[PDB]
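What follows is a short report on a single structure.
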Amino acid sequence: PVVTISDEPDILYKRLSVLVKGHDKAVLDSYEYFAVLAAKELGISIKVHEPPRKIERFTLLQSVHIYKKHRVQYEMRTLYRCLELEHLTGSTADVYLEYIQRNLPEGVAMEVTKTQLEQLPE
Amino acid sequence: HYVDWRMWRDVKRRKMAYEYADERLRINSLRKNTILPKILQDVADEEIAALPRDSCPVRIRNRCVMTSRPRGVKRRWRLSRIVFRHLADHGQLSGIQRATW
Amino acid sequence: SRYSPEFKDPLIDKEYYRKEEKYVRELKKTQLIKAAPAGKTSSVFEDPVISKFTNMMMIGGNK
Amino acid sequence: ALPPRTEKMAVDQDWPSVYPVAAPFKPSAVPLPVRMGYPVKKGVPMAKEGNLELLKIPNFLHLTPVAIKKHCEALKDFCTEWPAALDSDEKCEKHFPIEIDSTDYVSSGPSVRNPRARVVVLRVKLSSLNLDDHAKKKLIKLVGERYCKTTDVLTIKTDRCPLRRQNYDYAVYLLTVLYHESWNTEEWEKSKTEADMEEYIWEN
Amino acid sequence: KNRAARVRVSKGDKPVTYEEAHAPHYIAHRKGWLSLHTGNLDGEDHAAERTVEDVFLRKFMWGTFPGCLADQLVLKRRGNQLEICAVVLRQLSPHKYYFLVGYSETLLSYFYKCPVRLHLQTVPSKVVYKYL
Amino acid sequence: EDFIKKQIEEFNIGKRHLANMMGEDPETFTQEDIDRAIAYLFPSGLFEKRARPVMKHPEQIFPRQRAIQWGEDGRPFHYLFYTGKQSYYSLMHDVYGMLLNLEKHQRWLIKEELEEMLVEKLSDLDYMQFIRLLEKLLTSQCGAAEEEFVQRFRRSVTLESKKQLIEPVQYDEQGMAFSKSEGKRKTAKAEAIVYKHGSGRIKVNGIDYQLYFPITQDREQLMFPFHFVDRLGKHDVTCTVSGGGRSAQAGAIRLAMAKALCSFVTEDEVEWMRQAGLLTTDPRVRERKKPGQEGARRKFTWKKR
Amino acid sequence: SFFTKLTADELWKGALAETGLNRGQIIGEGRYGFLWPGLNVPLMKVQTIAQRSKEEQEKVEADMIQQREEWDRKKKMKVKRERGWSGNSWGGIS
RNA sequence: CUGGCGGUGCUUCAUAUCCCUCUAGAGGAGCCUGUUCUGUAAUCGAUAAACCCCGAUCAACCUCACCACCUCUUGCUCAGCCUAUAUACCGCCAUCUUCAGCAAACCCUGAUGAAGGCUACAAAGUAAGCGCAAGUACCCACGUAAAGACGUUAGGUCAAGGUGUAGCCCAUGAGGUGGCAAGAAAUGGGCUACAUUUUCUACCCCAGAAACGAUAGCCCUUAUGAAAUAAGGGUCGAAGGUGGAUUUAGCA
Ligand SMILES: [Mg+2]
Ligand SMILES: [Mg+2]
Ligand SMILES: [Mg+2]
Ligand SMILES: [Mg+2]
Ligand SMILES: [Mg+2]
Ligand SMILES: [Mg+2]
Ligand SMILES: [Mg+2]
Ligand SMILES: [Mg+2]
């Protein structure tokens, strides 16, 4: 529980675009609720939307060997849950990512965060 | 420790094809070209032909992974749907399941 | 069955509504309504004879 | 018989301390008898003693809302506060409008590397840096898909290299070389043409 | 007659477990997800290797525990590991269980360079759910 | 019967635990807290209303096994035990006696609800005879107490959703409120912005309806709202289009215009229009190429050979 | 190869064909001649690390095979069945 | 007595279904696609619902485990086994399945025979268990999705793995170039077009005339490359003649 604050220059994220992909709705809702709770505890606002799924179906034969009459329907889903943040120090963002990844749902609930640095000029 | 010999065939083909690629791409680019007469083009053709057999991605046949079963195999998953279909039925695949719509 | 057992077609009649009947109107209101089609648009120019003639003359679904 | 801290656990205990480390459900140490299972025509969901549906769940018992709040209040340190930069990203654009994008995906398994999420641009404003004002009549058209109609987003994108720090170094070197080779104009800088004018320059 | 995972009825005296008593289409209705990995997304890589590792570890844990499994396993992924939630059947002694668990953990750590720490759930009687 | 009490005690202990241990310290926490907990720390990843974790009162979810009607020494307390389903036969006898007395003087529920309230089996002909007896008692001219006790079972009928209300007209910008509606028809979209009174022209992003519908039937379809309302030229529009083709876009624009007009039209005309059907969408999408077939709908040709 | 590996109950059902287990292979004692503090020695009371010769392990395997053969012989144990009226029939049997 | 079967009697249903009505295509020629196989040094398994635009979602070689030529005993696997066995299975899938029953445990009846057990103004039937049912997803619970139960077809698969018996032990195995991708003989299906809105043009629904189809070659072999099947670029810009029962699905 030490700040360990130094005097070196840090990076500042300009509009942290965040997006979470997930198949079903229950796991995605749990993940988004956890993320919103963490953000409120940190002190950042968010905004969500209602996008559709991604129908990437791939059909193949039903039987493993002969027979081709009837095929099989296999496909995966994904719902985009945008929770972009705004303004946050590099260390704070790193700690946030660490806390989110220490218990990220494997497979389902895939995170897609897009950082936007600045890099000081000459 | 592969099942059938076609597995070793394809493995050796892939290995000998991935061994060299820089010269292959260079000669492929030099081929289709209006610049420089056909002299250097034919020279590069003979050079690329001088390479030994096997060492060529053309001989690579994208089969399965169990015992080489090119029957509706998914290159994204490599292995055929022998066990993959079993998992999709049970539910060991995070998402890939029966299209419930 | 492509048609849903819930949704049902509407009633385009309107000339008579310009002046038992109230019960029939309430019943028509309490009905899962649908939208009208474009091909068989029951408008002022919807002549049944000419409408059927054009429908029969329809080729490749180009009413 | 009588497993440790399962049913005999003291009621009203600190729940955050019951699941400090991420672990599966383990029904042999949960005082909450959840009724998990599918009911039969004349049946009941199977008991908690052994329900694979509880294990199939990714499991979030650890880091409950109270536990999450406690962990956040604890980890409030180990960071560096940021100055009153004023939200809305308005002052950030007014001062340093530079904005290099960068993302990173997530993967599960032994491997962790994911070079796919390496998309990076080279968005650095020319008029904001203020070092080659002569390039106003040059970079306004020399670069590709730019010269917007309404807004103005000057970005000398050059993603010919992957890394980001080396990208910025190459951007600085390119700005220097552009200054050098532009303060000594080439040829058709002023004498443009007679049917293509992004900025009016004689003749016409 | 297709007969994937659904079991064909014969007599109302089939002591089937919970997971085994579920059709292969209830993955989004009643049955959950056993193993999980980003390979089954739209679209992320690392799928074939993950599936192979899962199918291998399942048989490995089933062989190391001959008959001491009340039902199928439930794989997981948290970091550079692969948690395995199992409903162990009280067969051997706890000392032997601990010894075998430690041996398997050390062997996997020194073999795949990945500490695949598993988890147990000792239950004497199998969790019979239906009498198919 | 002991299993019921054991499960009730287990549920009470679980409730006490979930109340004391968790942050929700009041033991009076309703089912909303349990639902929130299930949604958060129990991501079932499913959608079943049954397989999901449902831990509530066992009597509300369990098929309660009727306890022993008699203790020791046998002798069933009820005087109608050998008749099978003592409650049903007792109710039938009571109804018969009431009918006999009332003669000497001179919607219903579902089987599932009755079975849940009690625990006795029931068939179809028995329920039919019960309904017949109820109708006889109701239409046989009776007193008041018996009729009220019989109608007590006839609970609410549920009758909601019927007529239409005014759409968002938006009383801003100027006194002439302008509405904003939308229309959809077979994967189509079209937002219409019809203004209030103002004879001039029906525009569409600068283009008039005359320059947008070269067909006569399209003109009639676009005019149907005004043709019915009788207000030909009195409102301006700036409708937009996004997606579709020809007839789909025409129908979407028609629906949007009808909604924008109903937003400021007499309630009678709005109801007549809703009856006409020009205020909703007809879900009719193109065919879907079946995977176990060849064409769109034609199955395999010589599959039988 | 590994892809040619699956369960054993399925293979048993297939070999049996009636349509239209690790007893001898111990799990505790290592199948390779070796001694450990766990089992085969005083249960943690001379706890050390030793190794047995391959000949000893071969002898142990032969002993397990002999135990399997003894179990098979026990399976061949005959029984007494009183004959009812007719030989090998349930006539006057009790 | 149970079942099968009847050009077997009576009664009720079929709502694209079985007919009384209607649509585009096969019953006219060329390219691709298969099969039994004569060429052969060239797997060919099913060969009437259950098999072929199935490896084909592609036969320059990779597909090809077949021989012309060389190889080996540790056989990359404590092998290959595609050498027979799938009419010996696990496993997988197909019609009936356009269905509604299928059964453990009991009771009654047939002078106690194989067997049957239905009449709600009620004559012996009670029925946990599975399925229809029911329940659940995207856009709802609809439309689209999952299931279509016991069982005939000894339905097909050693051809994804092992598999009841036999064997190659110095191969009956696979590995290095070559090949089968034209039809002795029979033929379904995808495209080219069989003509007047076919082929050509403007108004982004303001009209007519001759009364149209490189279908394949040759090189760069595209897409690659040791080596080239419909080709992006130079030669077919024409020629065929809606066909008789029958046939496929279709209530918007
Ligand atoms: Mg169709
Ligand atoms: Mg005898
Ligand atoms: Mg062979
Ligand atoms: Mg067979
Ligand atoms: Mg069917
Ligand atoms: Mg289904
Ligand atoms: Mg189903
Ligand atoms: Mg066969």
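Residues in the structure tokens are numbered from 1 in each chain, the chains being A, B, ... in the order shown, and ligands are numbered from 1 in the order shown.
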
*Got a sec to check which residues lie within 8 Å of ligand 8, using only C-alpha atoms (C1' of nucleotides) and all ligand atoms, and send them as a PyMOL selection string?*
chain H and resi 45-46+86+156-157

Neighbourhood of ligand 6 at 10 Å, counting only C-alpha atoms (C1' of nucleotides) and all ligand atoms, reported as a PDB file with N, CA, C and O atoms (P, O5', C5', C4', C3', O3' and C1' of nucleotides), in the first residue's frame:
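Now in out.pdb:
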```pdb
ATOM      1  N   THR B 100     -28.033 -21.798 -32.617  1.00  0.00           N
ATOM      2  CA  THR B 100     -29.367 -21.686 -32.039  1.00  0.00           C
ATOM      3  C   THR B 100     -30.176 -20.562 -32.670  1.00  0.00           C
ATOM      4  O   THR B 100     -31.410 -20.608 -32.631  1.00  0.00           O
TER       5      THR B 100
ATOM      6  N   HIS E  25     -27.339 -29.994 -27.500  1.00  0.00           N
ATOM      7  CA  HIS E  25     -27.812 -28.714 -28.008  1.00  0.00           C
ATOM      8  C   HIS E  25     -28.208 -27.747 -26.902  1.00  0.00           C
ATOM      9  O   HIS E  25     -28.555 -26.599 -27.197  1.00  0.00           O
TER      10      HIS E  25
ATOM     11  P     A H 145     -34.580 -22.886 -40.254  1.00  0.00           P
ATOM     12  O5'   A H 145     -33.852 -22.688 -38.852  1.00  0.00           O
ATOM     13  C5'   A H 145     -33.431 -23.804 -38.083  1.00  0.00           C
ATOM     14  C4'   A H 145     -32.685 -23.374 -36.844  1.00  0.00           C
ATOM     15  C3'   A H 145     -32.357 -24.477 -35.851  1.00  0.00           C
ATOM     16  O3'   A H 145     -31.204 -25.217 -36.210  1.00  0.00           O
ATOM     17  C1'   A H 145     -33.267 -22.622 -34.701  1.00  0.00           C
ATOM     18  P     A H 146     -31.299 -26.808 -36.411  1.00  0.00           P
ATOM     19  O5'   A H 146     -31.523 -27.368 -34.938  1.00  0.00           O
ATOM     20  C5'   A H 146     -30.469 -27.359 -33.987  1.00  0.00           C
ATOM     21  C4'   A H 146     -30.844 -28.122 -32.741  1.00  0.00           C
ATOM     22  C3'   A H 146     -31.659 -29.388 -32.959  1.00  0.00           C
ATOM     23  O3'   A H 146     -30.849 -30.500 -33.303  1.00  0.00           O
ATOM     24  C1'   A H 146     -32.619 -28.104 -31.210  1.00  0.00           C
ATOM     25  P     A H 147     -31.448 -31.705 -34.181  1.00  0.00           P
ATOM     26  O5'   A H 147     -32.422 -32.468 -33.178  1.00  0.00           O
ATOM     27  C5'   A H 147     -31.925 -33.093 -32.003  1.00  0.00           C
ATOM     28  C4'   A H 147     -33.051 -33.627 -31.155  1.00  0.00           C
ATOM     29  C3'   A H 147     -34.009 -34.573 -31.866  1.00  0.00           C
ATOM     30  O3'   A H 147     -33.541 -35.911 -31.838  1.00  0.00           O
ATOM     31  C1'   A H 147     -35.234 -32.923 -30.662  1.00  0.00           C
ATOM     32  P     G H 148     -33.397 -36.762 -33.189  1.00  0.00           P
ATOM     33  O5'   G H 148     -34.893 -37.189 -33.528  1.00  0.00           O
ATOM     34  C5'   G H 148     -35.788 -37.593 -32.503  1.00  0.00           C
ATOM     35  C4'   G H 148     -37.176 -37.807 -33.050  1.00  0.00           C
ATOM     36  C3'   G H 148     -37.261 -38.539 -34.385  1.00  0.00           C
ATOM     37  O3'   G H 148     -37.262 -39.956 -34.257  1.00  0.00           O
ATOM     38  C1'   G H 148     -38.629 -36.586 -34.429  1.00  0.00           C
TER      39        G H 148
END
```

*Identify every residue of chain D that has at least one atom within 6 Å of any atom of chain E, counting only C-alpha atoms, and report the result as a PyMOL selection string.*
chain D and resi 56+107-108+110

Give me a file of those residues, with C-alpha atoms, as a PDB file, in the first residue's frame.
```pdb
ATOM      1  CA  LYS D  56     -18.646 -24.676 -15.809  1.00  0.00           C
ATOM      2  CA  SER D 107      -5.599 -14.577 -25.312  1.00  0.00           C
ATOM      3  CA  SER D 108      -5.979 -17.679 -23.145  1.00  0.00           C
ATOM      4  CA  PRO D 110       0.349 -20.901 -22.613  1.00  0.00           C
TER       5      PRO D 110
END
```

*How would you write, as a ChimeraX atom specification, the set of residues no farther than 9 Å from ligand 3 when counting only C-alpha atoms (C1' of nucleotides) and all ligand atoms?*
/H:65,80-83,172-174

_Near-ligand residues for ligand 1, threshold 10 Å, only C-alpha atoms (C1' of nucleotides) and all ligand atoms, as JSON, numbers by chain_ = {"F": [286, 287, 288, 289, 290, 293, 294, 295, 296, 297, 298, 299], "H": [249, 250]}

*Residues of chain G within 8 Å of chain B, using only C-alpha atoms, as an NGL selection string?*
:G and (1-4)

_Who sits within 12 Å of range 17-20 of chain C, only C-alpha atoms (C1' of nucleotides), same chain under 2 positions skipped, as number ranges by chain_ = C: 11-15, 22-27; F: 228-230, 268-269, 271-273, 275-276

*Using backbone DSSP assignments, extract all alpha helix (DSSP H) residues from chain B; output them as a PyMOL selection string.*
chain B and resi 5-19+22-31+38-49+81-90

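Near residue 71 in chain B, within 10 Å and counting only C-alpha atoms (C1' of nucleotides), sit residues 60, 61, 64 and 65 of chain A; 62, 63, 64, 80 and 81 of chain B; 55, 56, 57 and 160 of chain H; same-chain residues fewer than 4 positions away were not included.
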
*Neighbours of ligand 7 within 12 Å, counting only C-alpha atoms (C1' of nucleotides) and all ligand atoms, as a PyMOL selection string?*
(chain B and resi 89+98+100) or (chain E and resi 2-7+22-27+29-30) or (chain H and resi 131-132+134-136+145-149)

*Pick from D:106, D:9, D:85, D:34 nearest to chain F, counting only C-alpha atoms*: D:34

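Taking CA of residue 93 in chain G as the reference point, CA of residue 78 in chain G is found at 18.8 Å.
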